[PDB]
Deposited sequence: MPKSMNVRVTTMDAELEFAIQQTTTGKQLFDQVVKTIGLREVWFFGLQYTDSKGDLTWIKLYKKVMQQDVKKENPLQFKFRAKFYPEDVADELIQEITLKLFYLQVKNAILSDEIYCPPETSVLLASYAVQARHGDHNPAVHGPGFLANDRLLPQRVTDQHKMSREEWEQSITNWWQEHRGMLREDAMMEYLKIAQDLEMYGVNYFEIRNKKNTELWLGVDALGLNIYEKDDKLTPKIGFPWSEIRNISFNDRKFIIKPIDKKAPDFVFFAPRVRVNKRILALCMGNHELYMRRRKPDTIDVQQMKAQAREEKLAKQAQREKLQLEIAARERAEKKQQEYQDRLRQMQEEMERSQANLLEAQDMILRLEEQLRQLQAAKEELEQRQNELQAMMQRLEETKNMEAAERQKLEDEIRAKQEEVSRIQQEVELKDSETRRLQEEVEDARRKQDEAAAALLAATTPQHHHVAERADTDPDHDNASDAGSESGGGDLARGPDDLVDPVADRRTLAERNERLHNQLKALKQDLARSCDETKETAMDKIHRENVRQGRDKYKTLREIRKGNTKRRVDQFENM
């Protein structure tokens, strides 16, 4: 029996059928080949299992053996499970950029990630650039932005500004981005967002042996420990380069340091299913961290060169464009293109399966057709080595990195401290918004953030601090929390 599925990306919906023998990898590959995405290591398919839990599809298991919630169609979300370390250096393709951008903007707008008011407004201004192109006062008037999702509810809740006033303020900043390509606006949005404390962090409720309630943060840079009442500023950290082995047994998680002299980092999670998720995220983030410590592979450098050329091809084609296409129409056209590509894939796959069987049944002419057919079928698949390795108990040894491994956090700085223009924008915005701020509407997170700023703290400065001393010192500090 065949099963209907729907896969939702941040920019599209894909509808097609699978069979009982279809694997997670074949499902995934149908998706990424349709949308033209090759940076497959960041992404996965989420679904809801029969118990109501958010689960990620396993590639080397049949989809129909994975307990996907029974409904017609089966429902999947195509999402980034792993984040880049640094967006500007790592996101190669336009489709990969776009999808990260939309995912991260959604996290900001939904208040999944804390983002202060002044930064929320600047980000809103880049989002309007990304979505609508250059501001033009002769063309963009009352009602143009009426249906755009501009800001987190926290920000609008705590200021005494009307929608019209917000639109005007964001439009003033949008005017500053004129000439910027939509793709560059998306990249700039991500460059600003990636320095937010909560960006890219998977948070898990844990406890130490003395039973103190904590958060574990798993991200691209390492593992962080937070006090229960402060998700912005972790207290203890380990970079991925210090971890040797990770495993769990029931509720007990054990992290073995590379430092043979150091004790184990041990904690407890309230449920074994969450431990499996933690383990998968640790193993994947560690794996990608180690790729980043090594030179680009043959495949990545080629992706990068090709991306760089398609950017020029695209720009040459846009310079012949007589009329601007509005955002809604662009989105519809993109959806249509995907639908066209999915049908083409399905047709070519049927024909190639057929041509393969015509040749197999039927020699120098027949062998060539068999090869062309087989090549076409494999071109519908992604290279297995591009993907991240797949997993009561579980875990094991992590592949150690290069001998000259240098962790990047020591030399990493925020954009705001490196870029005077950004600094001065945020400063101007902070002054502007204070005129309408309602102080009785400060949230707990707002207070933590304002104190961080008052104390001169930032994301990487804090990471350097909490990673000081040898492993044993930090493991001991954890046990005493």
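Missing from the model relative to the deposited sequence are positions 1 to 2, 365 to 441, 471 to 485 (no C-alpha coordinates, numbering from 1).
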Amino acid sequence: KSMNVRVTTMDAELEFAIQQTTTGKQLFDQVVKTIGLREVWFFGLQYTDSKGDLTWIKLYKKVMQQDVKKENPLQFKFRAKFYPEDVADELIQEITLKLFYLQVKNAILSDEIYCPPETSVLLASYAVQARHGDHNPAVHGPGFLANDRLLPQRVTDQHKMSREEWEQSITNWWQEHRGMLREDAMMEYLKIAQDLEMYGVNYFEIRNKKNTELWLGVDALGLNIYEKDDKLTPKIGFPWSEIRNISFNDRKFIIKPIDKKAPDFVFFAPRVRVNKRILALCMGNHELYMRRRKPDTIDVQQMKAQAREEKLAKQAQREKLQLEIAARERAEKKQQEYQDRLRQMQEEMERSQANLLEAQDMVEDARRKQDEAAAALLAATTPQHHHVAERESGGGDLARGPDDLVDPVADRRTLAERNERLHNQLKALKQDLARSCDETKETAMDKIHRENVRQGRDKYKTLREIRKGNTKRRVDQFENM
From here on, numbers count along this sequence of modelled residues.
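According to the PDB record, 453 to 461 carries the higher mean C-alpha B-factor of the two stretches 7 to 15 and 453 to 461.
Higher average CA B factor: 173 to 181, of the stretches 173 to 181 and 126 to 134. Of all the options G217, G401, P152, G143, the entry's greatest CA B-factor is assigned to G401.
Per the PDB entry, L312 shows the highest C-alpha temperature factor of the residues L281, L312, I92, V139.
Sort the chain's modelled residues by C-alpha temperature factor and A374 lands in the middle third, per the entry.
Sort the chain's modelled residues by C-alpha temperature factor and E188 lands in the lowest third, per the entry.
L109: CA B factor lies in the lowest third for its chain, per the PDB record. In the PDB entry, a CA B factor belonging to the middle third of its chain's modelled residues is recorded for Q384. Looking at the C-alpha B-factors along this chain, the one for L405 belongs to the highest third.
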